[PDB]
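Source file query-v9.pdb; content: PDB, N, CA and C atoms.
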ATOM      1  N   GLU A  17       0.517 -20.878   0.818
ATOM      2  CA  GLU A  17       0.449 -20.167  -0.457
ATOM      3  C   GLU A  17       0.278 -18.663  -0.226
ATOM      4  N   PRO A  18       1.254 -17.873  -0.693
ATOM      5  CA  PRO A  18       1.332 -16.463  -0.255
ATOM      6  C   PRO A  18       0.158 -15.593  -0.676
ATOM      7  N   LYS A  19      -0.379 -15.780  -1.883
ATOM      8  CA  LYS A  19      -1.517 -14.971  -2.310
ATOM      9  C   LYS A  19      -2.713 -15.194  -1.405
ATOM     10  N   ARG A  20      -3.053 -16.461  -1.164
ATOM     11  CA  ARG A  20      -4.142 -16.774  -0.250
ATOM     12  C   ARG A  20      -3.850 -16.247   1.148
ATOM     13  N   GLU A  21      -2.597 -16.345   1.597
ATOM     14  CA  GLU A  21      -2.258 -15.849   2.929
ATOM     15  C   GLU A  21      -2.601 -14.372   3.065
ATOM     16  N   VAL A  22      -2.190 -13.563   2.095
ATOM     17  CA  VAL A  22      -2.439 -12.133   2.186
ATOM     18  C   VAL A  22      -3.924 -11.842   2.026
ATOM     19  N   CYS A  23      -4.545 -12.427   0.998
ATOM     20  CA  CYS A  23      -5.928 -12.096   0.672
ATOM     21  C   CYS A  23      -6.886 -12.574   1.752
ATOM     22  N   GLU A  24      -6.641 -13.766   2.310
ATOM     23  CA  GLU A  24      -7.586 -14.312   3.273
ATOM     24  C   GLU A  24      -7.629 -13.492   4.541
ATOM     25  N   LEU A  25      -6.561 -12.754   4.834
ATOM     26  CA  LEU A  25      -6.606 -11.868   5.984
ATOM     27  C   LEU A  25      -7.557 -10.702   5.711
ATOM     28  N   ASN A  26      -7.412 -10.053   4.578
ATOM     29  CA  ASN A  26      -8.168  -8.841   4.309
ATOM     30  C   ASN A  26      -9.638  -9.178   4.063
ATOM     31  N   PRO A  27     -10.575  -8.664   4.867
ATOM     32  CA  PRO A  27     -11.976  -9.087   4.701
ATOM     33  C   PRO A  27     -12.556  -8.778   3.332
ATOM     34  N   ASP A  28     -12.160  -7.666   2.705
ATOM     35  CA  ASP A  28     -12.669  -7.344   1.376
ATOM     36  C   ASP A  28     -12.070  -8.258   0.314
ATOM     37  N   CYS A  29     -10.772  -8.557   0.407
ATOM     38  CA  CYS A  29     -10.182  -9.478  -0.561
ATOM     39  C   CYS A  29     -10.769 -10.874  -0.404
ATOM     40  N   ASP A  30     -10.894 -11.342   0.840
ATOM     41  CA  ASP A  30     -11.429 -12.677   1.080
ATOM     42  C   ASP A  30     -12.870 -12.790   0.590
ATOM     43  N   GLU A  31     -13.672 -11.737   0.783
ATOM     44  CA  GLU A  31     -15.047 -11.755   0.294
ATOM     45  C   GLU A  31     -15.088 -11.834  -1.222
ATOM     46  N   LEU A  32     -14.211 -11.094  -1.899
ATOM     47  CA  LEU A  32     -14.154 -11.200  -3.351
ATOM     48  C   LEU A  32     -13.713 -12.593  -3.785
ATOM     49  N   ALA A  33     -12.758 -13.186  -3.056
ATOM     50  CA  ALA A  33     -12.296 -14.538  -3.369
ATOM     51  C   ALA A  33     -13.410 -15.570  -3.206
ATOM     52  N   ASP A  34     -14.351 -15.337  -2.281
ATOM     53  CA  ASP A  34     -15.526 -16.203  -2.180
ATOM     54  C   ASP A  34     -16.253 -16.304  -3.511
ATOM     55  N   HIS A  35     -16.245 -15.228  -4.295
ATOM     56  CA  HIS A  35     -16.962 -15.219  -5.562
ATOM     57  C   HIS A  35     -16.113 -15.663  -6.746
ATOM     58  N   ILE A  36     -14.841 -15.249  -6.811
ATOM     59  CA  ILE A  36     -14.053 -15.424  -8.032
ATOM     60  C   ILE A  36     -12.703 -16.098  -7.807
ATOM     61  N   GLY A  37     -12.436 -16.551  -6.582
ATOM     62  CA  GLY A  37     -11.212 -17.261  -6.265
ATOM     63  C   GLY A  37     -10.074 -16.332  -5.866
ATOM     64  N   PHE A  38      -9.048 -16.924  -5.231
ATOM     65  CA  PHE A  38      -7.954 -16.140  -4.652
ATOM     66  C   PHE A  38      -7.044 -15.513  -5.706
ATOM     67  N   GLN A  39      -6.791 -16.206  -6.824
ATOM     68  CA  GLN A  39      -5.918 -15.632  -7.849
ATOM     69  C   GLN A  39      -6.500 -14.339  -8.404
ATOM     70  N   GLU A  40      -7.793 -14.362  -8.756
ATOM     71  CA  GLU A  40      -8.444 -13.168  -9.287
ATOM     72  C   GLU A  40      -8.580 -12.093  -8.221
ATOM     73  N   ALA A  41      -8.949 -12.478  -6.997
ATOM     74  CA  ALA A  41      -9.113 -11.479  -5.946
ATOM     75  C   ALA A  41      -7.780 -10.809  -5.631
ATOM     76  N   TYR A  42      -6.715 -11.606  -5.507
ATOM     77  CA  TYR A  42      -5.386 -11.058  -5.251
ATOM     78  C   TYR A  42      -4.949 -10.121  -6.373
ATOM     79  N   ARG A  43      -5.153 -10.538  -7.621
ATOM     80  CA  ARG A  43      -4.789  -9.697  -8.758
ATOM     81  C   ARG A  43      -5.508  -8.352  -8.704
ATOM     82  N   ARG A  44      -6.781  -8.362  -8.304
ATOM     83  CA  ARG A  44      -7.561  -7.130  -8.211
ATOM     84  C   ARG A  44      -7.055  -6.213  -7.099
ATOM     85  N   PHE A  45      -6.733  -6.770  -5.923
ATOM     86  CA  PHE A  45      -6.393  -5.952  -4.758
ATOM     87  C   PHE A  45      -4.933  -5.528  -4.747
ATOM     88  N   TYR A  46      -4.036  -6.398  -5.190
ATOM     89  CA  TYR A  46      -2.617  -6.181  -4.986
ATOM     90  C   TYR A  46      -1.833  -6.148  -6.288
ATOM     91  N   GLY A  47      -2.488  -6.342  -7.423
ATOM     92  CA  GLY A  47      -1.846  -6.246  -8.713
ATOM     93  C   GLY A  47      -1.354  -4.859  -9.103
ATOM     94  N   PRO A  48      -2.229  -3.843  -9.043
ATOM     95  CA  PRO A  48      -1.882  -2.532  -9.615
ATOM     96  C   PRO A  48      -0.598  -1.933  -9.060
ATOM     97  N   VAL A  49       0.024  -1.094  -9.890
ATOM     98  CA  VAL A  49       1.296  -0.430  -9.603
ATOM     99  C   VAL A  49       2.335  -1.384  -9.013
TER     100      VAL A  49
END
Structure rendered as structure tokens:
Amino acid sequence: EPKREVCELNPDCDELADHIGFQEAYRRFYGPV
């Protein structure tokens, strides 16, 4: 699953996903622009 693949690498994205899940963490880190 590509979102988890990208986010789980990045320590800050993965840490956020620990709290709010990969969909929300990915949207926060890689959504804008």
Would you give me, as a VMD selection string, the residues in chain A that DSSP reads as helix (DSSP H, G or I)? chain A and resid 18 to 25 27 to 36 38 to 46
*Which distance in Å separates atom CA of residue A:39 and atom CA of residue A:18, to one decimal?*
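Taking atom CA of residue A:39 and atom CA of residue A:18, their separation equals 10.5 Å.
Between atom C of residue A:35 and atom CA of residue A:23 the separation is 13.1 Å.
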Spatial neighbours of stretch 20-22 of chain A, max dist 8 Å, all atoms listed in the file, sep filter under 4 positions, as a PyMOL selection string
chain A and resi 26-27+29-30+38-39+42
As AutoDock Vina command-line options, please report the centre and edge lengths, rounded to one decimal in Å, of the axis-aligned box that holds all listed atoms of stretch 17-31 of chain A with 4 Å of padding on each of the six sides.
--center_x -6.9 --center_y -14.1 --center_z 1.8 --size_x 24.4 --size_y 21.5 --size_z 16.3
Can you turn the PyMOL selection byres (((chain A and resi 44 and name CA) around 12) and name CA) into a concrete residue list for this file, as a tab-separated table (two decimals) with N, CA and C atoms, in the frame of the given file?
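Contents of the output file selection_14.tsv:
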chain	number	residue	atom	x	y	z
A	19	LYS	N	-0.38	-15.78	-1.88
A	19	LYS	CA	-1.52	-14.97	-2.31
A	19	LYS	C	-2.71	-15.19	-1.40
A	23	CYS	N	-4.54	-12.43	1.00
A	23	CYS	CA	-5.93	-12.10	0.67
A	23	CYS	C	-6.89	-12.57	1.75
A	28	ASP	N	-12.16	-7.67	2.70
A	28	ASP	CA	-12.67	-7.34	1.38
A	28	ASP	C	-12.07	-8.26	0.31
A	29	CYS	N	-10.77	-8.56	0.41
A	29	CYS	CA	-10.18	-9.48	-0.56
A	29	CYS	C	-10.77	-10.87	-0.40
A	30	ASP	N	-10.89	-11.34	0.84
A	30	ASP	CA	-11.43	-12.68	1.08
A	30	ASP	C	-12.87	-12.79	0.59
A	32	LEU	N	-14.21	-11.09	-1.90
A	32	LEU	CA	-14.15	-11.20	-3.35
A	32	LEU	C	-13.71	-12.59	-3.78
A	33	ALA	N	-12.76	-13.19	-3.06
A	33	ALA	CA	-12.30	-14.54	-3.37
A	33	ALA	C	-13.41	-15.57	-3.21
A	36	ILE	N	-14.84	-15.25	-6.81
A	36	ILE	CA	-14.05	-15.42	-8.03
A	36	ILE	C	-12.70	-16.10	-7.81
A	37	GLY	N	-12.44	-16.55	-6.58
A	37	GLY	CA	-11.21	-17.26	-6.26
A	37	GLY	C	-10.07	-16.33	-5.87
A	38	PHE	N	-9.05	-16.92	-5.23
A	38	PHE	CA	-7.95	-16.14	-4.65
A	38	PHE	C	-7.04	-15.51	-5.71
A	39	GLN	N	-6.79	-16.21	-6.82
A	39	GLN	CA	-5.92	-15.63	-7.85
A	39	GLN	C	-6.50	-14.34	-8.40
A	40	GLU	N	-7.79	-14.36	-8.76
A	40	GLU	CA	-8.44	-13.17	-9.29
A	40	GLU	C	-8.58	-12.09	-8.22
A	41	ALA	N	-8.95	-12.48	-7.00
A	41	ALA	CA	-9.11	-11.48	-5.95
A	41	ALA	C	-7.78	-10.81	-5.63
A	42	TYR	N	-6.72	-11.61	-5.51
A	42	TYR	CA	-5.39	-11.06	-5.25
A	42	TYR	C	-4.95	-10.12	-6.37
A	43	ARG	N	-5.15	-10.54	-7.62
A	43	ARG	CA	-4.79	-9.70	-8.76
A	43	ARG	C	-5.51	-8.35	-8.70
A	45	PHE	N	-6.73	-6.77	-5.92
A	45	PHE	CA	-6.39	-5.95	-4.76
A	45	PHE	C	-4.93	-5.53	-4.75
A	46	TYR	N	-4.04	-6.40	-5.19
A	46	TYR	CA	-2.62	-6.18	-4.99
A	46	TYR	C	-1.83	-6.15	-6.29
A	47	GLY	N	-2.49	-6.34	-7.42
A	47	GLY	CA	-1.85	-6.25	-8.71
A	47	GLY	C	-1.35	-4.86	-9.10
A	48	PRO	N	-2.23	-3.84	-9.04
A	48	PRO	CA	-1.88	-2.53	-9.62
A	48	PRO	C	-0.60	-1.93	-9.06
A	49	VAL	N	0.02	-1.09	-9.89
A	49	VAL	CA	1.30	-0.43	-9.60
A	49	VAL	C	2.34	-1.38	-9.01
